[PDB]
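Encoded as structure tokens, the following chain is the form deposited in one PDB entry, with no partner shown.
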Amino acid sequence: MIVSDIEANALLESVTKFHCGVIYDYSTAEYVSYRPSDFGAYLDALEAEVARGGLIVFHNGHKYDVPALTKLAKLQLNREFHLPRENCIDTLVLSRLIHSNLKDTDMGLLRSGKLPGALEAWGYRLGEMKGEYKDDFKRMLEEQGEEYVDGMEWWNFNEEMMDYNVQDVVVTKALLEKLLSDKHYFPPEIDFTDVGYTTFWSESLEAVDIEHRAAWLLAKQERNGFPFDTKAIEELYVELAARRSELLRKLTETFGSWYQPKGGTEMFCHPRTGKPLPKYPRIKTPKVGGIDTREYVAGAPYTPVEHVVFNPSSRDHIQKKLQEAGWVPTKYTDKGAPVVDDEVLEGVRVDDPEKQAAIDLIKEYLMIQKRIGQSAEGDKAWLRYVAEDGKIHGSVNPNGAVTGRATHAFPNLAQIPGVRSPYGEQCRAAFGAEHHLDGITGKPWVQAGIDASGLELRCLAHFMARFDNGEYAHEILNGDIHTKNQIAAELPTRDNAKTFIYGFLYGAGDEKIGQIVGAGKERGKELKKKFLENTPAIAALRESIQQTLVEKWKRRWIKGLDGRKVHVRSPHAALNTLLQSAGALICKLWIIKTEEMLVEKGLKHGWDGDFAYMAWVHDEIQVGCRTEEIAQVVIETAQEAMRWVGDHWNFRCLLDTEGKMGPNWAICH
């Protein structure tokens, strides 16, 4: 077993040079440095360890080092370098599994001071290394009179870089041992720094293997990227911008501008009394000035003001104008501010007909801005993230949520507007395999979308089996469960039924339920007891969960399907923890088993192959396929993998998937 790390000239997307690398070998117990001209040697050392059936530990190597080495080996030495997945360990992946209850800076991509809770020390050091290095570099430059440019610290190799490389491995080794000392994931009788790869995976908790496989696969997905229709979005943007302008014109016509105090530095005191009137706007008493075409007069106080135009994106302005028209707020926040969300706006009533109608314009404006922000103007907008290859390469933290679910960002591809929401068709349609032309034939690729059916309700069935002998597990298979619930609850759409049942299942109050279905708290009661009485085992499961965890905590974690510890945050959110985690672990093993089966059939993963993962949205995968025949196999294979996962964990409820073939996300979901 060896621990390693490299330093290169840029992020994976544009990296072109290997600066240096360091390797600590457990069998010799020594650190060996490899400078620019030692690149070939560095690679040989890694392949040698592979030849022994050994292991290579990297911190975030799955997403950076490994694929970067493959790329740099081709470019610099014209060598084929491909470390096998089974020989690699990733301390970042491991810490995200062990300390799943903590946040991290995603290797410095996130501002640490913004994250809640504490951060693991070793990992904190590692994620901050580049920023620390950058500081030492700038400092040393200013000390020698040179000016600092962008991020020149990465352009050329140097001994400061080499020292940081060495420090990475020392810290990474320490992190590793710390992680390997957790008896729950790694049995005490085995020295995991002294065994072959096959032993490492087979003797450790199943979760260790699953996370590393999920990370390897997801890193590949990121590299594949999601084909994006840039032109369609730029046109959607023009359309939205014009509608925004017209709405602004109409609104600034109905709700005129006004002045407010701004710039007051002095306190206003009553002339006669002299007592401070902190309520009155702050003023200014000009020092110089007299009766001299100057406008001010020394000692003659005035209130500095500013002119402000109505801004529809300002809940404050809105609240101000609506009350000025007779609106009396019914709900406020824990700051005094009156609630101004779509639900409240929808309920506002005023006399002036024009102002009343203006409320709809305001709701439309806020929505339009919501789309412009996500698609084009926001810092994380799609148009700002499209790459040269015409694809958006969203980032994915495979185990970023406490429940074992993954998190998505830059931009967050798991929050694209639904096809049934305003402008959702266009948004959704811009993400599609059809927008990728085959590297050989130039023909558009096809998309295969697969989604687990009634996932978390089936997880409920599973855990309720010991209480109801599988009745629910059986009845849930009688037609579509959500459509069946929609009818019983008399809801307008299947989506409404889904958000209803889950809200209910996870403790939504009577009022909250009412809101969800668009009614009152009394209607919320009806529904709550209606579905609760129709399946009393739900209460039994809840009681059992409670008795196990609470006594003050009797134990603050649930044992996941693969054996890991799943941190519980609240007794009231415990059932959600149990079911969301089960569902998350099922889907994770699922996407892994799916690709593994496609490859066993001979299919190749990549744009220069047969299929390519473009996105994973919790219990949904969207896969690009070179042909329709391949799309058909992906769909069929995804269903087999799911039944396999269900059998693998002796699940008490049958598991299913629904697949769709089409050119884009609008049609495949």
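Sequential numbering from 1, following the sequence displayed. C-alpha atoms forming the largest set that superposes within 1.5 Å between two forms make up the rigid core.
There is another form of this protein, the form deposited in another entry, and it is not shown here; the text below is about that form.
Trainee: Give the option from 76, 112, 515, 254 whose C-alpha shifts by 2 Å or more between this form and the one not shown; the alignment is on the rigid core.
Mentor: C-alpha shift of at least 2 Å: 515.
Trainee: When the two forms are laid on each other by their rigid core, does residue 486 show a Cα shift of 2 Å or more between this form and the one not shown?
Mentor: Yes, shifts by 2 Å or more.
Trainee: After a rigid core superposition, would you say the CA of residue 412 moves by 2 angstroms or more between this form and the one not shown, or not?
Mentor: No; residue 412 is a residue whose C-alpha shifts by less than 2 Å between this form and the one not shown when the cores are overlaid.
Trainee: Aligned on the rigid core, do the two forms place the Cα of residue 534 2 Å or more apart, comparing between this form and the one not shown?
Mentor: The answer is yes; the displacement is at least 2 Å.
Trainee: Are residue 345 and residue 506 closer or farther apart at their Cα atoms in the other entry than shown, with the shift being 3 Å or more?
Mentor: Compared with the shown chain, residue 345-residue 506 is closer in the other entry.
Trainee: Classify the change in Cα distance between residue 638 and residue 483 in the other entry as closer or farther, relative to the shown form (magnitude of 3 Å or more).
Mentor: Farther apart, by at least 3 Å.
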